[PDB]
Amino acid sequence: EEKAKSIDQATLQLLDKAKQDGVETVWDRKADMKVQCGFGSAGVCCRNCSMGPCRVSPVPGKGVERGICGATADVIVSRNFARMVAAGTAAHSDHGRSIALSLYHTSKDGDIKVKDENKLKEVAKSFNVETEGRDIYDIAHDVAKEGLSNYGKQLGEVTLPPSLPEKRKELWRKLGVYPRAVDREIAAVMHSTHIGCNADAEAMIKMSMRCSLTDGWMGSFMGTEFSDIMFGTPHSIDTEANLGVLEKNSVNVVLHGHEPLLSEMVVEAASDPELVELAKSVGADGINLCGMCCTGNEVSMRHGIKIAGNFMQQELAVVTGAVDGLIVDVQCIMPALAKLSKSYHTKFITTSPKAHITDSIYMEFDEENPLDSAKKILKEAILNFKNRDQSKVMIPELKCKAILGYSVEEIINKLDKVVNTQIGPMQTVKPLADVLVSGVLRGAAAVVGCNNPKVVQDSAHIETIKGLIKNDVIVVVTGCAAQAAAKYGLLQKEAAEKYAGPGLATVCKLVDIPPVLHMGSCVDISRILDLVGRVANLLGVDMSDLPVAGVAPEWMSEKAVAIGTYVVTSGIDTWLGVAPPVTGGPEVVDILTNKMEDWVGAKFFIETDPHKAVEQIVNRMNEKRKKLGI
């Protein structure tokens, strides 16, 4: 009663209906967990071998100080942080690997085609793949094979994108964190955290750092570019967000998860004449496709597919009683959805052999016959409309307009508007660099990440975003933070005069954009690395020299720890709104929040007060601006 469950009204309406229905939510289980383990919470519990469990004092000089094998608190903490990075990298690795495999199976008349040939041709140059006088699918398969070798090559060097500054690469080499193959780095961390291996906090964190780079500049980067090649590069597009996008008289099919091939094929199947007529024959007005979380962002960026909600609204979407099919693939799918859906007519469908869930309907997605497979899954959801009980349906009359589709290419297209045809060239990030250098924009910040019941859901996202724009810091968003901004109304051109400071409101008016730009899913944080890297190269500096920052105000996942680590290792200061489990390791805290700056020019900041985080980001950018002389 001192603290609300959420700032969103639709969410609070469906939290009351969930209580009345006698169903359980993530908030209830959070409360049932009561006081969470102080050892685990400080990172000082170890279970890396059956001599354990071990727990050491999170207060140095008192209590039990070493694990049975001899591991100190700093060793136990730093190995635990490293497995979070390895696990997060593994989630993005398999995401990207699946996309590179889909690129390898493309064909002229097949279900998966090349929609951006110009983007394929430029990506090919980065992989030294010839394009002159060749069939577009021969180039596609060559590029897929070269991308696949980044996951498992054992000899030679990995391929990294051209926007990554040479200064940053040299810095990584001298530090010993230059990335090797994606899966090879994940195995390296899992090996070194084994009992009787690494027992040195600095060496362990540097291993984590190296691993995390295989995510941001490889697995996530390739996943975004390859997705663009096959499904199209995003451009500005309108959509609507929040649970009010569900329709009582239509068939509501909610896509949840992260992999783009499935939801791209379900979007195509939704326009199939037979399934369109089927929807009419079951008594509906048509098919209403909605997305949640990253797959939702993915199809919303490319097709304007309505966004039903973010991470902690997934159960509440089912509580509306209007979801006929909930089609999921992998990552961030609460297993509670299987039990919750037993209280409604909703068919909870699992499609990935990487993520089976007991008591869910398994309908394996056949990546060899994608559209036929998506048609079969969609048909089950349509037929389920007949089992709806309209008397128990409750869709809050709350939704918001939102603008998104801000790829690096689209941001550059919009900047061309303020370019003088004579003085300068078109199609560059120079107009953005010009406002940052002049001080019309103080800086640029990325607000990313999940929800976490430790924070009033969406409160820290909105208060952080709003304060950074008020202070003339242009903001770019991805993931559930971007959906929190969408639902609230920050992704609108009108938000500029309503919330932004003087410089950012003026730039918005001139460039005709909102003050917050939705750049996509969590793999699409790679677009932000790309944008910052292009600006760095244009000003002939490293990324750590620029007034930029990253913020993860309500993070939860191991992916978010891999993201935070690769943003900092790449030279961008990162603020965490949820403390990672490290307080019990004084040397780890000092490495992350201090010595790190001496290694990569950036460091972590842990701040659970969004108002104080904004003050710290603004002061940090002002120090970097002075050091850079702007």
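When you see a residue number, it is the position in the sequence shown, counting from 1.
- For the pair 451-459 and 274-282, the mean Cα B-factor is higher in 274-282.
- Stretches 553-561 and 538-546 differ in mean CA B factor, with 538-546 having the higher one.
- Residues shown: 391, 471, 80, 521. Highest C-alpha temperature factor in the entry: 391.
- Between the residues 212, 233, 427, 492, the entry's highest C-alpha temperature factor is the one at 427.
- The deposited CA B-factor of residue 55 belongs to the middle third of values across its chain.
- Per the PDB record, residue ranking by Cα B-factor puts residue 224 in the lowest third of the chain.
- In this PDB entry, the Cα temperature factor of residue 202 sits in the bottom third of its chain's modelled residues, the lowest group.
- In this PDB entry, residue 36 carries a Cα temperature factor that places it within the highest third of its chain's modelled residues.
- Annotation for residue 94: CA B-factor lies in the middle third of the chain's modelled residues.
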